[PDB]
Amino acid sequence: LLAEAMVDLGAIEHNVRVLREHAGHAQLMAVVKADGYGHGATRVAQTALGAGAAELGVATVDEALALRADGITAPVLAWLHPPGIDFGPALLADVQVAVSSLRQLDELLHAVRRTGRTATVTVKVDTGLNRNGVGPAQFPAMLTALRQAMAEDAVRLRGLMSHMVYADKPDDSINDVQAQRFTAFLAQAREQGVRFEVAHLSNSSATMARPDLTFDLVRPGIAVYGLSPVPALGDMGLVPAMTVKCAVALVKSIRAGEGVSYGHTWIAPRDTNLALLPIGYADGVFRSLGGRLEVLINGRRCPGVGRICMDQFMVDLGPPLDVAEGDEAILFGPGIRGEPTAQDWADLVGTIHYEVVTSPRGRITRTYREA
């Protein structure tokens, strides 16, 4: 292969087992939206379920239907629905739907009547993010509609959910505030004669660092992929599952004073040897990494030199060569062999590793190492 994003399903399994230890008695919903954060939703889901995850979480019904089409029968919850969605296919495919407004509930109920299939409903409430959750003042009307719908077997009241303002800051008191607001939502439900089967608030950071805030289920995403939910703490016992690598396509001699790549932004201070790596920013190698990233080749760090192009970049091998055409360059991975990590890229680019792992594409073929 020209380049690959190898997903170690053994690491996925390890991470899920670590998360289950932190979750204690709470069931685990593995979040595999965005094609498993770039790792492959279906393969990650299968591995996570086999390692004891109880359920799957995705953003869209489309993502849930793709899992269903691949043979996944485990519970799948979808929580982001565009205007105009037809909930009918979700119902016929036994996809759970989280509603975040009375309009969405009414839409879902019309679909229940049309398909004849009871909806397994979760309600998504806002406890601070201020995105699409139902707000406190609108919750009672939703409870009343839900209770009436439940009283005619139109819905099963499965879940109450909300999402944390901090993905990476377990010590901030907004975590505590959100949990208290969540408890207050549950008290509202009680006052309106409504009981949810399960309630869940926790992302990876809360699961691993705020077990005192865990409700009935946890909903980890980033930690399933082995990426630290609190980077300042280190790897938190997780193993990043994605390794991005590519073959050395060319080894070329350069004389001192020669410029390299567009604009000649790098000029060789010495006679040296370069490696051409045939992936670039159209493949997810952020152009801002130019002149800052390093790769690992035959156990040695080799720094990028010159601009990242659309489909290639150069690294400096130094001055007799220990690298041949066809040898493997590791761009990032768990770090086991000394390679950079997704967090290293995030630091260089000014982003977070979530964005790093949803970047590889194009010539970077996704592959799998079995557990």
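So that there is no doubt, residue numbering starts at 1 and follows the sequence shown.
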item	value
Count class of deposited residues lacking coordinates, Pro319 to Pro320	1 to 3
Mean C-alpha temperature factor, higher of 212-220 and 250-258	250-258
Which of 354-362 and 13-21 has higher mean CA B factor, as the PDB entry lists it	13-21
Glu197, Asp106, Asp126, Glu152, ranked by C-alpha B-factor: the highest one	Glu152
Selection by C-alpha B-factor (highest) of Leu289, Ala78, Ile72, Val177	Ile72
Among modelled residues of the same chain, the CA temperature factor third for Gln148	highest
Lowest, middle or highest third - CA B-factor, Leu102	lowest
Third of the chain, ranked by Cα B-factor, where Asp172 sits	highest
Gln27 by Cα B-factor - lowest, middle or highest third of the modelled chain	highest
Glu294 - which third its CA temperature factor falls in, relative to the rest of the chain	middle
